[PDB]
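Each chain, written out:
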Amino acid sequence: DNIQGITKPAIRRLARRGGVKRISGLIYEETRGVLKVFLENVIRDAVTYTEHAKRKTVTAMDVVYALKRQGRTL
Amino acid sequence: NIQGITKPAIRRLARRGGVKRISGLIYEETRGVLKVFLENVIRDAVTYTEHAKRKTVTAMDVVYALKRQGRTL
Amino acid sequence: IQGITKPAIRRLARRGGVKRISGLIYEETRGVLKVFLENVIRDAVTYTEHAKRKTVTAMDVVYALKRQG
Amino acid sequence: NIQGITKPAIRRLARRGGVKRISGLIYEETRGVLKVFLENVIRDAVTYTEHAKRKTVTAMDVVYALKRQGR
Amino acid sequence: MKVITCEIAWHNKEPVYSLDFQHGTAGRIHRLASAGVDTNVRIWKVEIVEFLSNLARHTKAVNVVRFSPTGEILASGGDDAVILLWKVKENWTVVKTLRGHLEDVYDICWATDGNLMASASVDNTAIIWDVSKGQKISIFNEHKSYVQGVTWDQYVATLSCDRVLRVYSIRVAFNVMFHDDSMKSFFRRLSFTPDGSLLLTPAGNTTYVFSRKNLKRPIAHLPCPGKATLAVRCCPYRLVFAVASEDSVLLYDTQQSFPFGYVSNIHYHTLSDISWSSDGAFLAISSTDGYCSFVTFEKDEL
Amino acid sequence: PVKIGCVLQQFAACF
Amino acid sequence: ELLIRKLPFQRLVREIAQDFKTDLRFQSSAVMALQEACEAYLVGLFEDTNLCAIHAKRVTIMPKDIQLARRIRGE
Amino acid sequence: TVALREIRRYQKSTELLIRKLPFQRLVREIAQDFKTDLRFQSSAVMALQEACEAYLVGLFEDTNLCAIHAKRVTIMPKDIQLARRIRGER
Amino acid sequence: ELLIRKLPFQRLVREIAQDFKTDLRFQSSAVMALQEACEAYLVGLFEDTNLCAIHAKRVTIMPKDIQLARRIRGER
Amino acid sequence: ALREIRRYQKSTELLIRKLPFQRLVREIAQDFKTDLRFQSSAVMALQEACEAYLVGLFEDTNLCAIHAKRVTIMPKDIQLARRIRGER
DNA sequence: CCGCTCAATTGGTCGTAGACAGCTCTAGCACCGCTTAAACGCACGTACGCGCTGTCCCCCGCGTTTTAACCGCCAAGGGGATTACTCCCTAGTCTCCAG
DNA sequence: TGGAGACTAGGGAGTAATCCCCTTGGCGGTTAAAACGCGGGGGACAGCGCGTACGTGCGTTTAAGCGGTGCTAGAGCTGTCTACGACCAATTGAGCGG
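Deposited coordinates in this entry are attributed by the record to cryo-EM, at a stated resolution of 3.8 Å.

*Asks:* Can you help me understand the overall build of chain C in this one?
*Replies:* In terms of helices and strands, chain C carries 3 helices and 0 strands. Secondary structure elements of chain C occur, N-terminal to C-terminal, as α-α-α. Against the 2.2 N^0.38 benchmark of 11 Å for 69 residues, chain C shows a C-alpha radius of gyration of 15 Å, more extended than a compact globule. Overall size of chain C, expressed as C-alpha extent along the three principal axes, is 45 × 20 × 15 Å.

*Asks:* Can you walk me through the overall build of chain A in this structure?
*Replies:* Helix and strand content of chain A: 3 helices and 1 strand. Secondary structure elements of chain A, listed N to C terminal, follow the sequence α-α-β-α. Against the globule reference of 11 Å for 74 residues, chain A gives a C-alpha radius of gyration of 15 Å, more extended than a compact globule. Its C-alpha atoms put chain A at 45 × 25 × 15 Å along the principal axes.

*Asks:* Explain the interface of chain B and chain J here, please?
*Replies:* Between chain B and chain J, the contact holds 44 residues from the first and 49 residues from the second. Among the elements of the structure, helix 1 (7-17), strand 1 (21-22), helix 2 (26-51), strand 2 (56-57) and helix 3 (59-69) of chain B are those that each provide at least two residues to the side of chain B that touches chain J. Its residues placed into classes, the side of chain B that touches chain J shows 23 nonpolar, 10 polar and 11 charged. In this structure, strand 1 of chain B lies alongside strand 2 (residues 72-73) of chain J, joined through 2 bridges in parallel fashion. Residue pairing across strands places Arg21 of chain B opposite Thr72 of chain J, the latter belonging to strand 2 of chain J.

*Asks:* How should the packing of aromatic side chains be read in this particular structure?
*Replies:* A ring pair, where both rings are aromatic, is described by two values, the distance of the centres and the angle of the planes. For the pair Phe38 of chain A and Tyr55 of chain H, a centre-to-centre distance of 4.2 Å together with 20° between the ring planes defines the contact as stacked. With one member in each of two chains, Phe38 of chain A in helix 2 (residues 27-52) and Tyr55 of chain H in helix 3 (residues 42-69) form a pair that bridges those chains. Seen in terms of ring centroids, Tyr48 of chain D and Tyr64 of chain D are 4.9 Å apart; in terms of plane orientation they differ by 25°. Their pairing is stacked. With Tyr48 of chain D in helix 2 (residues 26-51) and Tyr64 of chain D in helix 3 (residues 59-69), this residue pair connects regions lying 16 residues apart in the sequence. The positively charged end of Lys7 of chain B is found above the aromatic ring belonging to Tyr27 of chain B, 4.9 Å away from the centroid. In this structure, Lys66 of chain C is placed above the aromatic ring of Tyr63 of chain C, and the distance from its NZ or CZ to the ring centre is 5.2 Å.

*Asks:* Teacher, can you tell me more about the sheet that holds strand 26 (residues 282-283) of chain E here?
*Replies:* Strand pairing in a sheet relies on backbone hydrogen bonds, with the paired strands running either antiparallel or parallel. Residue and element names in this part refer to chain E. An order of 1-27-26 is seen for the 3 strands of this open sheet, with the pairing classed as antiparallel. Of all strands in the sheet, those bounded by a partner on one side alone are strand 1 (2-6) and strand 26. Summarising the sheet, strand 26 and strand 27 (residues 292-296) pair through 2 bridges and their orientation is antiparallel. Residue pairing in the sheet places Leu283 in a bridge with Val295 of strand 27.

*Asks:* In this structure, what is going on with the arrangement of the chains? I would like to understand it.
*Replies:* In this assembly, 13 pairs of chains are in contact, and the pair with the greatest number of contacts comprises chains B and J. You won't find any contact between chain C and chain D; their C-alpha atoms come no closer than 17 Å. Spatially, chain D is disjoint from chain E: no contact exists, and the shortest C-alpha separation is 38 Å.

*Asks:* Could you clarify how one ought to interpret the pairing of strand 11 (residues 116-121) of chain E in this entry?
*Replies:* Regular strands show a simple pattern: their side chains alternate between the two faces of the sheet. Residues and elements named next belong to chain E. Strand direction decides the pairing type here: strand 10 (residues 105-110) and strand 11, joined by 5 bridges, are antiparallel. Note on strand 11: the bridge partner recorded for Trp110 is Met117. The pairing of strand 11 with strand 12 (residues 126-130) spans 5 bridges and is antiparallel. Bridge pairing links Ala120 to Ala126 in strand 12. The turn linking strand 11 back onto strand 12 is made up of 4 residues, and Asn124 within it adopts a positive phi angle of 60°.

*Asks:* It is not clear to me how the packing of helix 1 of chain B against helix 1 (residues 2-10) of chain J should be interpreted in this structure. Could you clarify?
*Replies:* Two packed helices can be described by the angle between their axes and the distance between those axes. For the pair helix 1 of chain B and helix 1 of chain J, interaxial distance at closest approach is 8 Å and the crossing angle is 85°. As the angle between them shows, helix 1 of chain B and helix 1 of chain J are arranged roughly perpendicular. In this structure, helix 1 of chain B contributes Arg12, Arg15 and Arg16 of chain B to the contact, and helix 1 of chain J contributes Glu4, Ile5, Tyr8 and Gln9 of chain J. Of the residues in the contact of helix 1 of chain B with helix 1 of chain J, the class split is 2 nonpolar, 1 polar and 4 charged.

*Asks:* When you look at the interface of chain A and chain H in this model, what are you seeing that I'm missing?
*Replies:* Across the contact, 36 residues belong to chain A and 42 residues belong to chain H. Looking at the side of chain A that touches chain H, the elements that each hand over two or more residues are helix 1 (8-17), helix 2, strand 1 (57-58) and helix 3 (60-70) of chain A. Counting residues per element, the side of chain A that touches chain H draws most heavily on helix 2 of chain A, at 10 residues. Of the residues contributing to the side of chain A that touches chain H, the split by class is 20 nonpolar, 8 polar and 8 charged. Judged from the 2 bridges that link them, strand 1 of chain A and strand 1 (residues 39-40) of chain H form a sheet pairing that is parallel. Of the residues in strand 1 of chain H, the one forming a bridge with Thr57 of chain A is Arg39 of chain H.

*Asks:* What is the right way to look at the pairing of strand 27 of chain E in this model?
*Replies:* Examined bridge by bridge, strand 1 of chain E and strand 27 of chain E share 5 bridges and lie antiparallel to one another. Bridge pairing links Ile4 of chain E to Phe294 of chain E in strand 27 of chain E.

What counts and how
Residues numbered from 1 in each chain as written, not as in the entry; some residues may be left out. Chains lettered and ligands numbered in written order. Heavy atoms only, no water. Residues with missing side-chain atoms left out of burial classes, pairs and counts. Helix = DSSP H or I, 4+ residues; strand = E, 2+ residues; numbered from the N terminus. Rg over C-alpha atoms; globule rule 2.2 N^0.38 Å. Contact = heavy atoms within 4.5 Å. Nonpolar A, V, L, I, M, F, W, Y, C, P; charged D, E, K, R; others polar. Pairing = 2+ DSSP bridges. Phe/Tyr/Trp six-rings, centres within 6.5 Å; stacked < 30°, edge-to-face > 60°. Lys NZ or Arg CZ within 6 Å of the ring centre and 35° of its normal. Axes fitted to C-alpha atoms, helices over the stretch in contact; angles between N-to-C directions. Parallel < 35°, antiparallel > 145°, perpendicular 65-115°, else oblique.

If you want it as structure tokens, here you go:
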């Protein structure tokens, strides 16, 4: 349930910063799921870049290259 | 010193940038713009680190400094 | 858009410090002007929908300049 | 000119796309969006051809441009 | 008390942001420091205002201007997140650049000995730097919102927009009341007593007074019905201080609980700052409408 | 301009 | 398997080439490559805009749908 | 009016929306889930959280565009499905 | 003073606003401020393109200089 | 030369050498104030962003040069591209 | 592949008629996301013992890339002839600003 | 409701862009090496984070509630995919010339 640790008002504020007005009460599990999916999709690339560098920990730069592969460098 | 940025380094960097022929003193000149860009990005990065009350600079403060510059990559 | 007249642009240029001016620049900067109002008013209407009104304000254009720079 | 990609061609392309019903303004904004998709890909193809000193445009340049686009 | 309204625009109709009177001068002729939205710092002589020097070192608008107790080092705070240390119709040369702020600097405080600088910025952090070394020496980033007030006494007082007052030992010592960001002013500079026994906190409407013994609970609070207080300034036993509201200026004394004098309906915009001179006989008061006015009074209670 | 000399009850102190 | 007819697209690519630069060379293989690429892209665009329409309780597709799909694609 | 107020507050602001250690613990769960004995540098956690923030804000803006095109103000997970599919994700 | 006459500017902003949505009136202050900012942008870009033209050691502006300036600025 | 632009434009690897860029970053931090730890991740980020800045500036100065009917690129183009971007 | 013709027929397309399937608008209904009140609870900071993960600089191993002097040759450039294009009124007009 | 500054049309030409022609420099291989760059092994001193105890309070959580909204049924107009007769560009069949 720690995936649900991303609170309902937290998701609400996140969506609002994107410019939303009214949020359906049943979208929360869906956005939790999509967030988990995206997080897996980027943590995998981070992990492979750490392993290729023969690294036993992951630093901030690795996730940048992971997003670079994803296509949302930031 | 700044001479660490080698002449072939500028050569190949500009070549990836797409130049067919490079002038002769642009090597000595572009180390100046390298100096200027460094003395800005690193300058703001170390202030971001100090604001975080840590004595070790990390990539996140660096990309935040780039965000402030507006050249995030 | 033709309402942006030739010598209005011309003394804009004279303020800009130019001496000799071409011909195609007139409708060229007409087009770039068009794009400028499109993205400025894009941001303005984005903040107007956020504001739930129908009349733009000076704060909207101030934010347009802040977002364009 | 742009009108060469005609109305029935877009019609049958839509039929192959699976959409049952089609409006009119689509017939020309599709032309606009197709010219948009074309000008950048031709631009980049011309870049790689001049970049490799090729007046003739090979299919390898086309697939490289498509890979750059993502299609 | 005589009030004279200056009809001239100090910086070509730019908004009013900060003032600073030369404390080092011990004579009748006073020097005024004027840095505003014009991205330039103009030095004027007041005795009648005559412009003396203009410095355009600041790349952006300057929000806070202040000088050291000796009057020789002038620190200018601007929106470029840099504080320029100025040294000696007049010539001004920047001596040091006290960088270290992540956002625009709002309030600037000095030290009595002149060896330390206290800065406040919109980065929700306090910057303390040593004048001798010119580098930051202590940081207090306990502010959760914009920091718009800081002063140096043994203790350092920091006030932020989060409706919390922070006092730090030269680590945070005490936390203390205020309102939200609805105030239209950009300065909430708290003022300490000349002896340091008392601390004044505006934007509470009322202004609270705390003592050195206990700063957690203020014994008395001076109300500001209508307009809210923005800046507090004390003339450099009995002491006379001044608190500036949004559009009103009141002067209080150490003995009289009620205000000694009240001035209002002078400017059409929100007030920016409050500041007295070294001799206390010159105090020009204005708001952020782009103009200036002067308030003069004798009877100096030497 | 409105000015009151160095002598307001409406602006009293409330403890 | 191709749906857009050949010589109209041949002339189209030739004319955009000339509007870019005069006297350009285009083999038949390159034109078929452009043909399959544009066909795939436009078929995908129509498919996705059809999803966009069928979301809106609507069978037909009108221009708001297509600009929405493009704007979501970010191009 | 509350929504307009907080939009004015937030669209200028850039601080966090999902809290620090909840996201950090979620990162821990997924890390040990796929392969255990990995250490996450807190700077990397902040980086990944910022990336997640941006991705979700972009996706929510796109589903808002979808909703506006659909003529309704309230969002619906159908809109989320459309946004994901039109973007080519899922 | 300003170097662009008004009601052409108000009529053009009216028509574009119309093509986005119907019934968005403006007050004189907003249109005047936006006209000021627009003139400032145009004059700045014009000085920039003037410097670019003199870079090519020809005093006369040409329209290629315009999009060169825009693209170096990263406008498009 | 065009083959050489191809071989690097295809590639992504660093163009500035590792050790002397690292030393340049170290000395630049030195003259600000001493006793700084530079995690090699941050130096990698600096190298990435610095190479990106230079490739972008060189693309723009190439645009400026080809504008001037010159294939070569000179300092004049360098300062003009720096200014036009708004840096100076 | 050009680039262009000289014909055949030949599928491919264009404009017309309109019936109605469907976009758009109206409206009511129920319903289900926004809202303090209050509970809680776990963010969140603060310190702190414990640990291990950047790390260090030395050497050396080597060895690939960088320095640089040489040399052919490509263009940056300066000049001059040539053709095109805004100045400078001249006047109509138009219309925007004024009373 | 009116008329003076100004936009449009145009003659005038005179300056400025544009193209070609040396022309001299100075920039691009390149060869010999070397030398500083890449790697890799240690010591643990000194720095960072992990985890934990406690606070405290700013946040989440529940709810009762009601009203803006999603939508669902019902028209009202409307443009469009039916069929068709017309054009109509034009692929194939052939080239010369390269």
